[PDB]
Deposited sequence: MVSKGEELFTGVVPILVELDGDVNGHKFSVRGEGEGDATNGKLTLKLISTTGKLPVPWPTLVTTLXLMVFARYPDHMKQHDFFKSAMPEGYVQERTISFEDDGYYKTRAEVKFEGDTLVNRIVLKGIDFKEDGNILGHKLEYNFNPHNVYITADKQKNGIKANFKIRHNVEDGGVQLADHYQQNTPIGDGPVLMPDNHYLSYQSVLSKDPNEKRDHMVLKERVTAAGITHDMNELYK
């Protein structure tokens, strides 16, 4: 039922309101998602001028509903089953030897468009660290995100470490703890243990004047025998 909303290409709107060490910023993005092929593309633009944090640190915050679930794994796709009323996606992201983000997003249909509307707060960052000092490379590594059922809350949980490449070599770890809960009252799918395999490519639109990120992601569910 929820899954039937994703058989074709779905327009996406992303809106983020952010505040990191008191520096406020807003991002607005548009794009399209193709769950059949496990892919999405977004062009994300700062609407407040130069962003105060590196774009790669916002990649995970800025749509697991577009994962491709293989035919033998369809009964494990919580994310589409919560549609169209949607789900809340909440995270704490702890940056090693630095500050943390807290995010709350609602992912839901508004008419024909899938919207991801986020509030992000960042606390306790070092003015000289890799984040506020902009020392992270403009790229993104592949990661596996493990999904577990959270039956008591009718939702799912995930925790995973993101490795950000640092400009002069080295990595900056960002430890993510995530909880997703349905917005509606209707039944959702509680999944067996599996994971989502993510690939992400960051680029720039050479003709765009504003601070921005072009994000292309490929996401495939995996890990269930058969």
*What residue ranges of the deposited sequence are absent from the coordinates?*
1-3, 66, 231-237
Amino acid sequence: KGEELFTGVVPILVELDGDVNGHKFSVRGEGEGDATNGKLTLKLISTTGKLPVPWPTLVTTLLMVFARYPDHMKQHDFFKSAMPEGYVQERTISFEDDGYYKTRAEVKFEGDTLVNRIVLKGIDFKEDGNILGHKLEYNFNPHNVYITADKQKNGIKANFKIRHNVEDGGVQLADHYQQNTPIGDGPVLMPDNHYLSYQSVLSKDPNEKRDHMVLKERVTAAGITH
From here on, numbers count along this sequence of modelled residues.
*Of 23-31 and 184-192, the stretch whose C-alpha atoms average the higher B-factor in the entry*: 184-192
*Take the C-alpha B-factors listed in the entry for 166-174 and for 153-161, compute each mean, and give the stretch with the larger one.*
166-174
*Lowest, middle or highest third: where is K39 by Cα B-factor in its chain?*
middle
*For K108, the third of its chain into which the C-alpha B factor falls*: middle
*Comparing against every modelled residue in the chain, figure out the third that the C-alpha B-factor of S46 lands in (lowest, middle or highest).*
middle
*Would you please rank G122 by its C-alpha temperature factor against the other modelled residues of its chain and give the third it falls in: lowest, middle or highest?*
middle
*Chain third (lowest, middle, highest) by recorded CA B-factor, residue given as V9*: highest
